[PDB]
2 protein chains.
Amino acid sequence: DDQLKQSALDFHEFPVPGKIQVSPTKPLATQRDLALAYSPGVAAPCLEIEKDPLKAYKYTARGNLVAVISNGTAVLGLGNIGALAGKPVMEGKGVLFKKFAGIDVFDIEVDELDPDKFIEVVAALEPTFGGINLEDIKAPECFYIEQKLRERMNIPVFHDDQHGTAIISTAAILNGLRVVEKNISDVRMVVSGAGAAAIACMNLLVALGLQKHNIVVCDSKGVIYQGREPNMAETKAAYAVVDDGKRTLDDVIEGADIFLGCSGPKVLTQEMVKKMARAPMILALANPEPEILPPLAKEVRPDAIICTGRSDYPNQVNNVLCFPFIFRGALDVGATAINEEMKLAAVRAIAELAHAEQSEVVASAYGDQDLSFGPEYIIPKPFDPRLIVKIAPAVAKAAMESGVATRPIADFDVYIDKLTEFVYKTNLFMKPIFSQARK
Amino acid sequence: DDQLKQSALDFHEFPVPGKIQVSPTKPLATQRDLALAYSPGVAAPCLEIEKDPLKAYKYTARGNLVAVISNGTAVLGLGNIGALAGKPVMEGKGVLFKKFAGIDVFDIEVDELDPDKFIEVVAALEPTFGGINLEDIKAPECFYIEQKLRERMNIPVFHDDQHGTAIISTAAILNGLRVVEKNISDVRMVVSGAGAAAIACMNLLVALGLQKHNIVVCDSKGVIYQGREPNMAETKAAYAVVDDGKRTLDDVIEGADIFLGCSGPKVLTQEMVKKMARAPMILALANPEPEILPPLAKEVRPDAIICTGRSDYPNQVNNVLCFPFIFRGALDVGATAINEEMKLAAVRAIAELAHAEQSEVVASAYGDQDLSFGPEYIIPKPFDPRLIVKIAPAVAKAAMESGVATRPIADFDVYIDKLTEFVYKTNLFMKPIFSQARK
Ligand SMILES: NC(=O)c1ccc[n+]([C@@H]2O[C@H](COP(=O)([O-])OP(=O)(O)OC[C@H]3O[C@@H](n4cnc5c(N)ncnc54)[C@H](OP(=O)(O)O)[C@@H]3O)[C@@H](O)[C@H]2O)c1
Ligand SMILES: NC(=O)c1ccc[n+]([C@@H]2O[C@H](COP(=O)([O-])OP(=O)(O)OC[C@H]3O[C@@H](n4cnc5c(N)ncnc54)[C@H](OP(=O)(O)O)[C@@H]3O)[C@@H](O)[C@H]2O)c1
Ligand SMILES: [Mg+2]
Ligand SMILES: [Mg+2]
């Protein structure tokens with residue numbers, strides 16, 4: 001860790017402080033440019049925005065501006081390091097929002113810990129941005145903050161932990177159901193740690209067509225029992241099941257078709273993977289340590305699908321796969337909210353990007369792409385330059401079918417051409433060389 | 001005004017909508033680069049910042065980040081347009097910070113117009129920034145907001161509509177008595193329209209040795225003197241003169257020596273300036289129309305020292321003339337607040353430049369610079385490319401003297417060389433050519 005520690009600190013300590021900077025997009029080097037960008041000329045756009053508040057997107061950078069707002073209570077895996085301690089991390093995601101999406105990001109870091117104070121602070125900042133990206137707020141404050149902001153602010157509010165990797169998890173589950181012949185209705189699914197990502201994973205599966213009479217949730221206290229605690233809250237113990245014993249998760253896994261373990265490592269053992277249905281779809285989604293190492297489950301059950309947050313083994317589920325392109329589509333369509341139908345469209349696009357892959361000027365040498373749709377390849381790789389081309393025009397299209405768009409765009413072919421032009425100027429061809437060299 | 005209004009509506013939005021973008025300053029090519037910016041690497045600066053918050057200025061952009069926070073209730077001269085309608089102006093100011101001082105700006109705008117909830121929003125936003133630049137908050141709540149914030153946050157909070165003219169004008173006065181061989185001990189004062197940019201001015205002048213009994217404040221309703229109204233209005237009783245029956249601005253002159261005025265249309269006539277004592281010191285600071293129309297008054301009395309705010313005539317007072325550069329001081333010294341010993345150290349630094357100008361690679365032709373200290377050269381031109389070299393180290397030294405800094409600067413020669421090198425790579429040589437060819 002010492003080598004990584006020294007490598008990361010030197011990354012942006014010495015050359016310039018920080019990994020982010022603000023530069024004009026206007027050519028101003030003479031007079032009559034400073035006389036209309038400020039003082040007697042900049043008052044003309046304000047008059048137009050004064051009478052037509054929807055004209056702001058044309059004259060200002062609101063339509064390309066999202067905010068990574070955080071109180072710094074649960075940052076990455078660090079925990080409650082505190083406000084400004086997560087200041088680099090926010091900037092880091094801002095960088096991604098540019099490179100992969102061309103979205104300018106402010107990295108606001110609210111100091112308040114009270115949920116209501118945070119809600120008020122972020123809601124007051126509505127005119128500045130065109131979308132909120134609440135990040136690293138510890139549960140259960142995250143749920144309250146996101147729901148209140150979505151119901152109050154008339155701007156896209158999209159939490160990353162909540163329904164971020166949830167999108168990719170839903171896409172992976174759908175593609176797994178497509179791989180092994182198992183209709184989603186007949187799938188009996190198990191949850192571990194119903195919170196943060198998992199709580200939205202289950203909701204997205206339900207929306208896509210998973211029925212709650214086949215779902216079960218088990219946590220450190222055990223299964224969600226109808227009588228485990230009088231505080232029968234819907235935040236965690238929703239759609240609960242009667243006690244009927246089932247103290248441990250061993251019998252829960254007995255007759256299970258998915259694992260979807262997002263929270264809580266090492267909760268899955270070899271015998272338990274053995275006690276599964278015809279084809280399990282273990283989703284070990286714990287970044288620190290996966291719930292079960294993929295090779296062990298592969299040895300125990302040759303015919304299975306395993307997804308892991310780490311990139312060591314295939315079917316890697318990364319947050320970067322989803323949010324920048326979701327926000328790209330929502331902003332470009334001029335949407336006012338990221339509802340469930342946009343998320344469903346994104347899930348469909350990610351699923352269809354996995355079994356409709358050809359050409360894309362495959363590197364004749366190097367690379368070793370060698371990916372074909374199967375148990376190994378369920379979801380597109382984190383950096384496919386064909387995601388933004390697929391996620392963004394679908395999410396935008398969802399706005400067209402939902403009446404939440406304020407700037408409808410015609411000729412989606414032109415939008416496709418613009419996105420392909422954007423991805424033509426951002427290509428990471430050195431990581432295929434590294435991957436090929438390592439083998 | 002379609003030659004001006006329309007030409008400003010489409011400033012540069014045709015190629016890219018809106019000024020200002022947040023662009024990465026990192027090597028943005030390889031996957032390893034997007035591993036010390038997020039996930040396994042970005043967690044390394046976080047520990048150091050958590051252990052010692054002062055490390056952030058090394059790892060984050062806080063040492064070069066200010067925030068132009070505003071609720072948009074008095075924008076330029078438009079008025080109470082709103083937080084959103086004032087968005088371009090902020091961006092305008094932002095580019096100035098990146099053009100003349102290289103300061104990154106987040107153009108945050110608060111939707112809440114209440115004069116007490118604004119403070120909480122900004123105080124919560126404190127960790128994001130290294131300085132605050134409140135602008136377009138209308139009077140009298142601007143003073144309240146600034147005073148409340150300066151006691152709460154531990155970073156420089158610096159208003160725009162009060163200190164914007166309180167410094168340069170003071171320098172003008174500090175320079176005016178130089179050419180009229182007077183002393184601040186006995187000079188009499190007149191103030192018109194004690195508003196945002198007026199009532200805060202004389203305080204700084206008091207720090208230079210202008211006794212309060214020589215100041216007479218005036219307003220639209222005649223004269224602000226103790227006794228005119230049964231209730232003495234707040235923040236104006238300090239300089240309110242005793243009751244003497246002086247109910248009009250036409251009589252309170254009594255051969256005064258200064259006419260600092262921050263109001264709307266003209267208040268003085270030819271005989272009004274005539275009533276002044278020898279060597280008047282008019283400071284008509286109204287932006288739309290001059291309060292005196294200098295040349296006419298210059299015809300009434302010779303040896304006049306009229307100072308205005310419009311660039312058409314000499315002795316022009318501009319906010320950009322001082323405001324980035326003083327910030328460039330504090331941010332480069334780690335100041336926790338802006339005292340009156342740095343707000344006044346940036347007064348003796350811009351007043352010195354008027355009679356300390358020579359060489360500086362004078363344009364052998366063109367330009368028609370022709371500046372010599374005297375009745376028509378009181379303050380440096382709004383863009384002497386040399387203000388940032390004279391103001392910023394002066395403010396930094398005043399910070400280190402007052403015990404308000406956190407990262408004291410070493411031997412100043414390196415600092416002056418750095419500021420000069422920044423000056424060299426930012427030149428506006430086309431402006432003198434325009435000013436010479438037009439005449
Ligand atoms: N795309 C990604 O790579 C990605 C995205 C999101 C999350 N994750 C990972 O998912 C995990 C959870 O996310 P989080 O940061 O939101 O953590 P968290 O809030 O602590 O986890 C959610 C819940 O899981 C439970 N839990 C914790 N440890 C457990 C254990 N050993 N066994 C069973 N339940 C346990 C806790 O409730 P009880 O203590 O009552 O059980 C907690 O309320 C982290 O490891 C995170 O890195 C990865
Ligand atoms: N750097 C610059 O050159 C610069 C910067 C900012 C502002 N300004 C100028 O300063 C003025 C306002 O700026 P601000 O926002 O700082 O102050 P403000 O809050 O607008 O207050 C201006 C004051 O002027 C008074 N006033 C208005 N009309 C008047 C009239 N006809 N006769 C006498 N007094 C009158 C008002 O007094 P009552 O409250 O009694 O009406 C008010 O208190 C404008 O003229 C503006 O162009 C110049
Ligand atoms: Mg985070
Ligand atoms: Mg202003």
# chains A, B, ... in the order shown; residues from 1 in each chain; ligands from 1
>>> residues_near_ligand(ligand="ligand 4", cutoff="7 Å", atoms="only C-alpha atoms and all ligand atoms", output="list in words")
residues 75, 76, 135, 136, 160 and 161 of chain B
>>> write_last_selection(atoms="N, CA and C atoms", output="PDB file, in the first residue's frame")
ATOM      1  N   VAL B  75     -28.578  43.092  -9.382  1.00  0.00           N
ATOM      2  CA  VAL B  75     -27.577  42.642 -10.339  1.00  0.00           C
ATOM      3  C   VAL B  75     -27.239  43.805 -11.258  1.00  0.00           C
ATOM      4  N   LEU B  76     -25.967  44.207 -11.259  1.00  0.00           N
ATOM      5  CA  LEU B  76     -25.503  45.346 -12.041  1.00  0.00           C
ATOM      6  C   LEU B  76     -26.359  46.572 -11.750  1.00  0.00           C
ATOM      7  N   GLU B 135     -21.905  39.032  -4.057  1.00  0.00           N
ATOM      8  CA  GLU B 135     -22.171  40.101  -5.009  1.00  0.00           C
ATOM      9  C   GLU B 135     -23.666  40.125  -5.315  1.00  0.00           C
ATOM     10  N   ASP B 136     -24.177  41.292  -5.716  1.00  0.00           N
ATOM     11  CA  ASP B 136     -25.594  41.519  -6.006  1.00  0.00           C
ATOM     12  C   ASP B 136     -26.536  41.143  -4.877  1.00  0.00           C
ATOM     13  N   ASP B 160     -18.707  42.629  -2.612  1.00  0.00           N
ATOM     14  CA  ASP B 160     -18.338  43.227  -3.889  1.00  0.00           C
ATOM     15  C   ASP B 160     -18.868  44.648  -4.013  1.00  0.00           C
ATOM     16  N   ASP B 161     -20.092  44.873  -3.547  1.00  0.00           N
ATOM     17  CA  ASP B 161     -20.786  46.138  -3.743  1.00  0.00           C
ATOM     18  C   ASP B 161     -20.454  47.174  -2.679  1.00  0.00           C
TER      19      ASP B 161
END
>>> residues_near_ligand(ligand="ligand 1", cutoff="9 Å", atoms="only C-alpha atoms and all ligand atoms", output="ChimeraX atom specification")
/A:74-79,136-140,160-162,164-166,168-169,192-198,218-222,261-267,284-290,308-310,316-320
>>> residues_around(residues="residue A:123", least_positions_apart="4", cutoff="8 Å", atoms="only C-alpha atoms", output="list in words")
residues 119, 149, 152 and 153 of chain A
>>> closest_residue(among="B:72, B:245, B:27, B:88", to="ligand 2", atoms="only C-alpha atoms and all ligand atoms")
B:72
>>> closest_atom_pairs(of="chain B", to="ligand 3", cutoff="10 Å", atoms="only C-alpha atoms and all ligand atoms", output="tab-separated table")
residue	atom	partner	partner_atom_place_in_ligand_line	distance
B:38	CA	ligand 3	1 (Mg)	8.7
B:39	CA	ligand 3	1 (Mg)	8.4
B:43	CA	ligand 3	1 (Mg)	9.9
>>> calpha_fit_rmsd(fixed="chain A", moving="chain B")
0.8 Å
>>> select_by_dssp(residues="stretch 70-309 of chain B", states="strand (DSSP E)", output="MDAnalysis selection string")
chainID B and resid 104:106 189:192 215:218 225:226 241:242 259:261 282:284
>>> atom_distance(atom1="atom CA of residue A:35", atom2="atom CA of residue B:345")
29.1 Å
>>> residues_around(residues="residue B:71", least_positions_apart="5", cutoff="8 Å", atoms="only C-alpha atoms", output="PDB file with C-alpha atoms, in the first residue's frame")
ATOM      1  CA  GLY B  82     -33.697  36.858  -9.410  1.00  0.00           C
ATOM      2  CA  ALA B  83     -31.044  34.286  -8.653  1.00  0.00           C
ATOM      3  CA  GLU B 109     -26.335  31.272  -6.722  1.00  0.00           C
ATOM      4  CA  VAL B 110     -28.721  30.994  -3.788  1.00  0.00           C
ATOM      5  CA  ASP B 111     -32.453  30.934  -4.513  1.00  0.00           C
ATOM      6  CA  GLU B 112     -33.379  32.062  -0.983  1.00  0.00           C
ATOM      7  CA  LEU B 113     -33.904  35.831  -0.781  1.00  0.00           C
ATOM      8  CA  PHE B 118     -28.562  32.971   2.991  1.00  0.00           C
ATOM      9  CA  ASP B 136     -25.594  41.519  -6.006  1.00  0.00           C
ATOM     10  CA  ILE B 137     -27.113  41.353  -2.549  1.00  0.00           C
TER      11      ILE B 137
END
>>> closest_residue(among="B:101, B:293, B:322, B:409", to="residue B:423", atoms="only C-alpha atoms")
B:101
>>> closest_atom_pairs(of="chain A", to="chain B", cutoff="6 Å", atoms="only C-alpha atoms", output="JSON lines")
{"residue": "A:5", "atom": "CA", "partner": "B:44", "partner_atom": "CA", "distance": 5.7}
{"residue": "A:8", "atom": "CA", "partner": "B:36", "partner_atom": "CA", "distance": 5.1}
{"residue": "A:9", "atom": "CA", "partner": "B:45", "partner_atom": "CA", "distance": 5.8}
{"residue": "A:13", "atom": "CA", "partner": "B:59", "partner_atom": "CA", "distance": 5.1}
{"residue": "A:17", "atom": "CA", "partner": "B:58", "partner_atom": "CA", "distance": 5.1}
{"residue": "A:18", "atom": "CA", "partner": "B:60", "partner_atom": "CA", "distance": 3.9}
{"residue": "A:19", "atom": "CA", "partner": "B:25", "partner_atom": "CA", "distance": 5.6}
{"residue": "A:20", "atom": "CA", "partner": "B:24", "partner_atom": "CA", "distance": 4.8}
{"residue": "A:21", "atom": "CA", "partner": "B:23", "partner_atom": "CA", "distance": 5.8}
{"residue": "A:22", "atom": "CA", "partner": "B:22", "partner_atom": "CA", "distance": 4.4}
{"residue": "A:23", "atom": "CA", "partner": "B:21", "partner_atom": "CA", "distance": 5.4}
{"residue": "A:24", "atom": "CA", "partner": "B:20", "partner_atom": "CA", "distance": 4.0}
{"residue": "A:25", "atom": "CA", "partner": "B:19", "partner_atom": "CA", "distance": 5.3}
{"residue": "A:26", "atom": "CA", "partner": "B:19", "partner_atom": "CA", "distance": 5.6}
{"residue": "A:30", "atom": "CA", "partner": "B:428", "partner_atom": "CA", "distance": 5.8}
{"residue": "A:31", "atom": "CA", "partner": "B:431", "partner_atom": "CA", "distance": 5.9}
{"residue": "A:36", "atom": "CA", "partner": "B:8", "partner_atom": "CA", "distance": 5.8}
{"residue": "A:37", "atom": "CA", "partner": "B:92", "partner_atom": "CA", "distance": 5.4}
{"residue": "A:38", "atom": "CA", "partner": "B:92", "partner_atom": "CA", "distance": 5.1}
{"residue": "A:41", "atom": "CA", "partner": "B:8", "partner_atom": "CA", "distance": 5.7}
{"residue": "A:44", "atom": "CA", "partner": "B:5", "partner_atom": "CA", "distance": 5.6}
{"residue": "A:45", "atom": "CA", "partner": "B:9", "partner_atom": "CA", "distance": 5.1}
{"residue": "A:46", "atom": "CA", "partner": "B:85", "partner_atom": "CA", "distance": 5.0}
{"residue": "A:49", "atom": "CA", "partner": "B:85", "partner_atom": "CA", "distance": 5.0}
{"residue": "A:50", "atom": "CA", "partner": "B:85", "partner_atom": "CA", "distance": 5.1}
{"residue": "A:58", "atom": "CA", "partner": "B:17", "partner_atom": "CA", "distance": 5.7}
{"residue": "A:59", "atom": "CA", "partner": "B:18", "partner_atom": "CA", "distance": 5.1}
{"residue": "A:60", "atom": "CA", "partner": "B:18", "partner_atom": "CA", "distance": 4.0}
{"residue": "A:61", "atom": "CA", "partner": "B:18", "partner_atom": "CA", "distance": 4.7}
{"residue": "A:84", "atom": "CA", "partner": "B:127", "partner_atom": "CA", "distance": 5.5}
{"residue": "A:85", "atom": "CA", "partner": "B:50", "partner_atom": "CA", "distance": 5.1}
{"residue": "A:86", "atom": "CA", "partner": "B:46", "partner_atom": "CA", "distance": 6.0}
{"residue": "A:88", "atom": "CA", "partner": "B:60", "partner_atom": "CA", "distance": 5.9}
{"residue": "A:92", "atom": "CA", "partner": "B:37", "partner_atom": "CA", "distance": 5.1}
{"residue": "A:95", "atom": "CA", "partner": "B:24", "partner_atom": "CA", "distance": 5.8}
{"residue": "A:104", "atom": "CA", "partner": "B:22", "partner_atom": "CA", "distance": 5.0}
{"residue": "A:108", "atom": "CA", "partner": "B:128", "partner_atom": "CA", "distance": 5.5}
{"residue": "A:109", "atom": "CA", "partner": "B:128", "partner_atom": "CA", "distance": 5.3}
{"residue": "A:110", "atom": "CA", "partner": "B:124", "partner_atom": "CA", "distance": 5.1}
{"residue": "A:111", "atom": "CA", "partner": "B:124", "partner_atom": "CA", "distance": 4.8}
{"residue": "A:112", "atom": "CA", "partner": "B:124", "partner_atom": "CA", "distance": 5.9}
{"residue": "A:121", "atom": "CA", "partner": "B:121", "partner_atom": "CA", "distance": 5.2}
{"residue": "A:124", "atom": "CA", "partner": "B:111", "partner_atom": "CA", "distance": 5.0}
{"residue": "A:125", "atom": "CA", "partner": "B:110", "partner_atom": "CA", "distance": 5.2}
{"residue": "A:127", "atom": "CA", "partner": "B:84", "partner_atom": "CA", "distance": 5.2}
{"residue": "A:128", "atom": "CA", "partner": "B:109", "partner_atom": "CA", "distance": 5.3}
{"residue": "A:430", "atom": "CA", "partner": "B:30", "partner_atom": "CA", "distance": 6.0}
{"residue": "A:431", "atom": "CA", "partner": "B:31", "partner_atom": "CA", "distance": 5.9}
>>> atom_distance(atom1="atom CA of residue B:202", atom2="atom 47 (O, counted along the ligand's line) of ligand 2")
18.2 Å
>>> atom_distance(atom1="atom CA of residue B:331", atom2="atom CA of residue B:386")
18.6 Å
>>> select_by_dssp(residues="stretch 201-231 of chain B", states="helix (DSSP H, G or I)", output="mmCIF file with C-alpha atoms, in the first residue's frame")
data_model
loop_
_atom_site.group_PDB
_atom_site.id
_atom_site.type_symbol
_atom_site.label_atom_id
_atom_site.label_comp_id
_atom_site.auth_asym_id
_atom_site.auth_seq_id
_atom_site.Cartn_x
_atom_site.Cartn_y
_atom_site.Cartn_z
ATOM 1 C CA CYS B 201 -16.331 53.790 2.327
ATOM 2 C CA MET B 202 -15.672 56.490 4.930
ATOM 3 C CA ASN B 203 -14.796 53.867 7.552
ATOM 4 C CA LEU B 204 -11.709 52.967 5.531
ATOM 5 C CA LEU B 205 -11.042 56.687 5.115
ATOM 6 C CA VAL B 206 -11.320 57.018 8.895
ATOM 7 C CA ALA B 207 -8.527 54.450 9.166
ATOM 8 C CA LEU B 208 -6.358 56.810 7.111
ATOM 9 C CA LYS B 212 -15.604 61.577 11.696
ATOM 10 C CA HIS B 213 -16.579 65.150 12.611
ATOM 11 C CA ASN B 214 -15.485 66.272 9.126
#
